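Hydrogens, waters and symmetry mates are skipped; everything else that's a heavy atom, side chains included, is used. So you know, we letter chains A, B, ... as the sequences are listed, proteins then strands, and number each from 1.
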Amino acid sequence: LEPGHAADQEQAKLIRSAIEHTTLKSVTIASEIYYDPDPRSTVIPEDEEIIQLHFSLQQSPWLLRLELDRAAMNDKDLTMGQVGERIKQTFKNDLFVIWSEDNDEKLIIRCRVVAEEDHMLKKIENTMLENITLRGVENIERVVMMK
Amino acid sequence: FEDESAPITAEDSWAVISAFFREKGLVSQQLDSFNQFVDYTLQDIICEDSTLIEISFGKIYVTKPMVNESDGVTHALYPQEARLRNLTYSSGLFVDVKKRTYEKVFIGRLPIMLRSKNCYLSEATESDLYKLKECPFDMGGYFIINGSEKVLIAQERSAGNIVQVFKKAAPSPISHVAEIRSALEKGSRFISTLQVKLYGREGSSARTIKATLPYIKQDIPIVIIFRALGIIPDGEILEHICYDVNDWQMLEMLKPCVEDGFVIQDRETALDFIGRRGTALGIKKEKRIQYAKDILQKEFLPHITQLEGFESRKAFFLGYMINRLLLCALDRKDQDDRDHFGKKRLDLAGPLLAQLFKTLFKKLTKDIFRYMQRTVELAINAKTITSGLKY
Amino acid sequence: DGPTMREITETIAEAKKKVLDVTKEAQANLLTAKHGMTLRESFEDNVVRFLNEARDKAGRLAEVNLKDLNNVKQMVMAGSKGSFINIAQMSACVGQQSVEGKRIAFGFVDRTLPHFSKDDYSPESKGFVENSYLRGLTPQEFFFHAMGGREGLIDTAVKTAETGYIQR
Amino acid sequence: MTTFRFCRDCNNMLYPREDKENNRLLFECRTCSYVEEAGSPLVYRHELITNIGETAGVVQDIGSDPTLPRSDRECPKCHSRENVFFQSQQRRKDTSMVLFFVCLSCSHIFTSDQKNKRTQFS
Amino acid sequence: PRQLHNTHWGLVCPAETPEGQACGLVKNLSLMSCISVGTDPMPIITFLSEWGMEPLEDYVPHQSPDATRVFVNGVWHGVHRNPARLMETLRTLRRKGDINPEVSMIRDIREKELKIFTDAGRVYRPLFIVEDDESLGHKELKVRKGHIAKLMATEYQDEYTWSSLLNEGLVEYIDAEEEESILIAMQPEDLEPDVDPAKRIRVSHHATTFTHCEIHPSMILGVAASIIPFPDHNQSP
Ligand SMILES: [Zn+2]
Ligand SMILES: [Zn+2]
């Protein structure tokens, strides 16, 4: 660590999570595909408060829902917005992404492709869980702190 | 007065052990193996392929140890003499041929394992042995060839007819393999290996499952094999693999399998599919479908059955392998331990002496069938076996 | 010393208590793994440390007890053959056996030997040799130690074969 | 938990299809012309952190297994103390050492995971 | 392969192996080891269908999940509901002599599989059977003082023999495979339900499930190590 902050358990952890490679796979609990036709209402009840909140200051009827894990989410210094905006800056306009705010009890990410409206998604899931990098450097997996 | 139903103590164990060693000695491994060969295995090798396109072989006899003399009568041979005179402690190998016109006999020599049922010393008393100039402490689980005592070291090898799933190297396109080396006890040991491979690693576009059939220059998607077996409906096929209707995880792994064999929807289309991957471009469908039927009935899982009406037996066993494969692939089980001694086998005198005798009986068989094809109007090379073994 | 032996046996019993507490902790799922480390890895890491720590401290007790007259201790003081690990294993506890850096593995299904019950992660189960050479190993400690030992004979053959080539 | 259905006629696997007018999920066959509505909108599930498989082996004879260890804890149901226990039946490096018990009286499975989170363990 | 595998116990000497290149690959059978000479499986198969084994041809998984799978020499011959009685009968038939002692029968209670092996090349050893046919108390070894008396009474007259023990179901042969499904007591005294500060320490018996007992632990050695005095006091190598 830098000459000054070399005796900070925290300045290390920060640098740790910043070097340790992290993919969505290490944060995701489970990914599911649903047939949710109305982009407004949702067959999924728990996902109403998330779409209701997306009308304040094209899309396929198929849904890709990801249920993240708070334990890893905060253990690897990751924000829903960060994760989301990364996925978003990965699939371009090609994908419609929305996620639940850090405050909600459940961290959910729902995506829609934007007729083969099925296979693409099952591939998109794969690419997300493994190919997208949320934080860290490529090739660096384990990263341990010592004194 | 020492109730005979009283418990036992540690010291009482040596009594039991002495009993063991009194009955088996220290080389029962040598004797019992070789003895099974002479008593059963042998006669069972003469009956297999005992008919030539007639001449049929029957019963077998085993002489006591004798010697091939030069300028003299045949002599009874004893160990102490075979070692000294550099002779071979072997015995006669007669048969019982039946020459039937269809458009005792001495054959070969078998070296005898000291103290086996067929050996003189086996019955010799402590006194008889002394007279024969043979130490009564000699254990005797070996042979005497050209004067020198030869021991056959136990050969360790993997067991056969055992399913085994193994993971693989990251670079390879296949992540898991379910293997089994089928073989037959009698007749011969056609070790045709069947492999059920799971293409794709954790996280690839549709992981498919294909099997490796002998003589087929391409891996065939499993669904097609099940249909060449007469199990057509996806429902039925998946039922032969997954034995739990609620196991949505395993069934999910088979989804890409179903799509992989979607083109074929009947036993014929299945057989022809397989037939082509093992035939030239000019062969007729009928011949192709036939070729595939024979491959699945003779070169596909032969340890189970090789007769005709047993397609359900092989279908369930194939499904069982798929089941084991995915089980490992789903991380519910670890890849089999290739070092477990339970799945190991040690081949001794008998088994070892059997592979040779078989190989030689077939060579002697060829030397007799030739004495018929070339015949227009006893002509048996006994040495074909004698020096074949001895060698 | 008879009293030293009572101090040694207790030192070992003390270690078996620590391992027993970590096991309960792990079986309750109260134990937490360090970053980039498996739950089972942290567990093993702790049991082996407890056990080696035990052997080592039990060894010192044996050495401290030996007098300046003790010939073994004498050869060590002069620097002519022998060392601590030697006294420690001969007189007190032999230690934890290992193969490929871990305790003896479940070669049978979920057990090290058919003489144990499934899922036994205790020190006796996975190769800790409580006994010394003076006391004599139990048949299980014997076989475990022979598995550890074998690895040495093999590695030595390799170390011998590989270094010879490098040297050239 | 995507229990999929097969054809009523040929028993072949059914595939999802969209009713572009009434916006609903259907499942047709690719062999015949069979078709039907969907029970749930769930068409796919992928569990990265799986639990299923940890119970595999619990049978009506699990008690007659001499290799298993026995504890005398108390089962939440019959309170009897005839227990048999084993660790997770899964085989993942990232597995815990939580113990699973099986009451030999009513065959009820109870865990020692103080962070218990499952209702059926199935 | 060169590693001394856990399954080698009682079958191959843990000490005697050639140094160098053949280290681990060349082995030596322990004193009481034996190898299967091979037996015909026809009768067993017959008895199986005679005792409720459902043919694979007439098997339907979604109709009987709890069903146990029955294998013979690697061949899946069928299925059987309630394998407990079959396994009981099978063990009785072998401890009687009806089934060749050389045959290995393994029931995988948890895996729902029952496997039998009659082939040759399997290395096995004899163990002390441990059941509770005796009412007087807990589980005990089938052999007793009366049995050993006859044994020696025969050893003195130089008829009760080793095979006698087998025929009377007092001792069994066990290969590595069947070894997986049992629990063996080390000393015969480990059945009995302020120690000498000189003896070696041992772990207390936490099982009343013993199925077998070692005749004697020193039989895990082969002819060579069998000659070393106090091997249990030597460094392994
Ligand atoms: Zn249909
Ligand atoms: Zn209960």
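Panel note: side chain C/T160, backbone C/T156; a donor-acceptor pair is recorded below 3.5 Å. Under a 3.5 Å cut-off, the side chain of E/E155 and the backbone N or O of E/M152 do not form any donor-acceptor pair. A donor-acceptor contact shorter than 3.5 Å is absent between the side chain of D/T67 and the backbone of E/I182. Put simply, the side chain of E/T211 gets close to the backbone of E/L183: a donor and an acceptor are under 3.5 Å apart. A donor-acceptor pair under 3.5 Å is absent between the side-chain atoms of E/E177 and the main chain of E/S104, judged by distance alone. Judged by distance alone, the side chain of E/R94 and the main-chain N or O of E/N100 form no donor-acceptor pair under 3.5 Å. In this structure a side-chain-to-backbone donor-acceptor pair under 3.5 Å is present from C/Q96 to C/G127. Under the 3.5 Å distance criterion, the side-chain polar atoms of B/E23 are matched with a main-chain donor or acceptor of E/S163. No donor-acceptor pair closer than 3.5 Å links the side chain of B/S122 to the backbone N or O of B/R115.
Using cut-offs of 30° and 60° on the angle between ring planes, the pair B/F357 and B/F361 is parallel. Taking the six-membered ring where the residue is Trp, E/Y173 and E/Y124 present tilted rings, their angle falling between 30° and 60°. A parallel orientation is assigned to the rings of E/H147 and E/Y160, their planes being inclined by less than 30° (bins at 30° and 60°).
The cationic atom of C/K118 (NZ for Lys, CZ for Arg) does not lie both less than 6.0 Å from the six-membered ring centre of C/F106 and within 45° of the ring axis. Annotation: cation-pi pair B/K150/B/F143 absent, no NZ/CZ under 6.0 Å from the ring centroid and within 45° of its normal. Geometrically, B/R338 engages B/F166 in a cation-pi contact, judged by NZ or CZ lying under 6.0 Å from the ring centre and within 45° of the ring axis.
Sparse packing is recorded around OH of B/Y40, with 12 or fewer heavy atoms of other residues, nucleotides or ligands lying under 6.0 Å away. Within a 6.0 Å radius of CD in E/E19, other residues, nucleotides and ligands contribute 12 heavy atoms or fewer. In B/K64, the NZ atom is crowded: over 12 heavy atoms of neighbouring residues, nucleotides or ligands sit closer than 6.0 Å.
Pairs of residues two or more places apart, or lying in two chains, that qualify as side chain to side chain donor-acceptor pair (under 3.5 Å) and include a residue from residues 213-234 of chain E are C/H115-E/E214, E/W9-E/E214, E/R125-E/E214, E/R200-E/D232, E/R200-E/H233. Listed by first and then second residue, the side chain to side chain donor-acceptor pair (under 3.5 Å) pairs involving residues 25-37 of chain E are B/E156-E/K27 (not counting sequence neighbours).
Under 4.0 Å is where a charged nitrogen must lie from a carboxylate oxygen, and between C/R111 and C/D120 no such pair does. Ion pairing of E/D119 with B/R345 is present here, as a side-chain N (NZ or NE/NH1/NH2) and a carboxylate O approach within less than 4.0 Å. With respect to the salt-bridge test (charged N to carboxylate O, under 4.0 angstrom), the residues E/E168 and E/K142 do not qualify. The residues B/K117 and B/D39 are annotated as salt-bridged, a charged nitrogen and a carboxylate oxygen being separated by less than 4.0 angstrom. At a threshold of 4.0 Å, the pair B/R181-B/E179 does not count as salt-bridged, since none of the basic side-chain nitrogens sits closer than that to a carboxylate oxygen.
E/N167 and E/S164 share no donor-acceptor pair across their side chains, judged by distance under 3.5 Å alone. In this structure, a donor-acceptor pair under 3.5 Å is present between the side chains of E/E180 and B/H340. Residues B/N118 and B/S116 bring no donor and acceptor atom of their side chains to less than 3.5 Å of each other.
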